[PDB]
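In C-alpha cells, the next block holds one chain alone, the form deposited in one PDB entry.
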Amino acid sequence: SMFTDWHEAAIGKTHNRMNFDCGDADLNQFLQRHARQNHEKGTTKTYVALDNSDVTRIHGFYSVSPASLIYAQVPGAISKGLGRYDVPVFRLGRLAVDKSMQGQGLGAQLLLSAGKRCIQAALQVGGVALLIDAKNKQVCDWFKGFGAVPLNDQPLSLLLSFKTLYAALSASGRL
C-alpha cells in the first residue's frame, strides 16, 4: 500500500539530486540546481524524503516559504473583533515524487509532512494555513482531494488550514 520506508531531512550536500527525476522539467531543475542555494541563503526551504536503506537516495521533496494573505475590506469584519491586515501562511510551492516511487502514496505523506513542518514553525513565527501552488487542473484536483479549497480568483492556488491538518496529525499521533 503506502510506502513508509523513508525519513525526512533538509536538503544537504550528501543527497543524490542528480538521480532524481519526477517527469517534470522545472521541478527537477529546482531540486538539482536551486534547492540548496535557496535553503542555505534564502527563505525557501526544501525537504527531501530519503530512503531508509540507501540514505542518499531521494524519493521526493517539497519546498515551503513564508507568505501573507492581504485581506480586502469586507462589510462587517471590523466590528467582528480583532483582525490583521496581513495574515501569515506558508506557501507549499513545490511537491514532487520520483517516477520510480509514484503511485505509492508518498505524495500524500509529503503534504502531511509539509503541514507538520509548517505548524511546528508557525508556533514560533506565526501561520494559519498552507497556501498551495498547483501546476494545472490535474494537480489542483489532486490537492482538492485532501480538502484543500481552490481560491476563486487565482484558481491554481488552494488553501489548507492548519486546524484541518492539525486534527489529522493529532489523531495519528504525529503531533
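Between two forms, the rigid core is defined as the largest C-alpha subset superposing within 1.5 Å. When you see a residue number, it is the position in the sequence shown, counting from 1.
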| property | result |
| --- | --- |
| Mean temperature factor over C-alpha atoms, higher-scoring stretch between 75 to 83 and 97 to 105 | 75 to 83 |
| Segment of higher mean CA temperature factor, 20 to 28 or 159 to 167 | 20 to 28 |
| Identity of residue with top Cα B-factor, from 65, 37, 124, 113 | 37 |
| Third of chain Cα B-factors occupied by residue 33 | middle |
| Chain third (lowest, middle, highest) by recorded CA B-factor, residue given as residue 59 | middle |
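One more form of this protein should be noted, the form deposited in another entry, which is absent from this view; the next part is about it.
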item	value
Rigid core superposition, residue 87 Cα moves 2 angstroms or more between this form and the one not shown	yes
Closer or farther in that other deposited form, the Cα atoms of residue 66 and residue 84, when the shift from this form is 3 Å or more	farther
In that other deposited form, whether the C-alpha atoms of residue 117 and residue 84 sit closer or farther than here (change of 3 Å or more)	farther
